[PDB]
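Single chain ahead, written as structure tokens, the form deposited in one PDB entry.
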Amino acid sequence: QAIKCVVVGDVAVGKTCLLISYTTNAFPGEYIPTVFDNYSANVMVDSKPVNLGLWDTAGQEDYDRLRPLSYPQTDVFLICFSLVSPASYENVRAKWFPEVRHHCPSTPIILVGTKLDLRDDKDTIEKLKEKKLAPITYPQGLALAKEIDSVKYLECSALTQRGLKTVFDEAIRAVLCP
């Protein structure tokens, strides 16, 4: 089974790390590739063999017109936001969900909270407070998920890989089907 999955969301939520941490089981953080690319993984899910094509995106505003060229024939989207970036969570509803739905009205969405590992980091919570902000909590992401009617809400870390595999199994599970 060939499944095409597109990953959207604000620059720097960790889309490229998520894809590479997934396909290769190692985290770039140190050396992140800047050429926007597509990747591949052969996965077994509920006894069915799957070839999953993962398509990265340029979330920059400069790419508003060209980004949707990679949307045709997509089987499932991950809309991603950083659990340590409220601005990114805001943009799911202000920008990403509306753009996905504009081009692909019926394609399933998985809502993904990323950098799960920084949610307890001290220096991180601290910096967030200096802006009168705080990490997105599980209940908050679940609510956004319900707002936008995504098939699942899932948290992960590319750095630790916690929950990373489930993100992709549910992606696959959402195509073929509820």
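Numbering starts at 1 and follows the sequence shown. Only the largest set of C-alpha atoms that superpose within 1.5 Å between the two forms is called the rigid core. Only residues modelled in both forms are compared.
Beyond the structure shown, there is the form deposited in another entry, which is absent from this document and is the topic of what follows.
Student: Align on the core first; then indicate which of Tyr153, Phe36, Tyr39, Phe27 has a CA shift of 2 angstroms or more between the shown form and the other one.
Tutor: Of all the options, the C-alpha that shifts by at least 2 Å belongs to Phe36.
Student: Closer or farther: how do the CA atoms of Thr23 and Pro33 lie in the other form, compared with the form shown, if the change is at least 3 Å?
Tutor: Farther, not closer.
Student: Comparing against this form, do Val43 and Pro33 have their CA atoms pulled together or pushed apart in the other form? The difference is 3 Å or more.
Tutor: Those two alpha carbons end up farther apart in the other form.
Student: So which segments really shift between the shown form and the other one, if a segment has to be 3 or more residues long and each C-alpha must move 2 Å or more after the rigid core fit?
Tutor: Run found: 29-36, no others.
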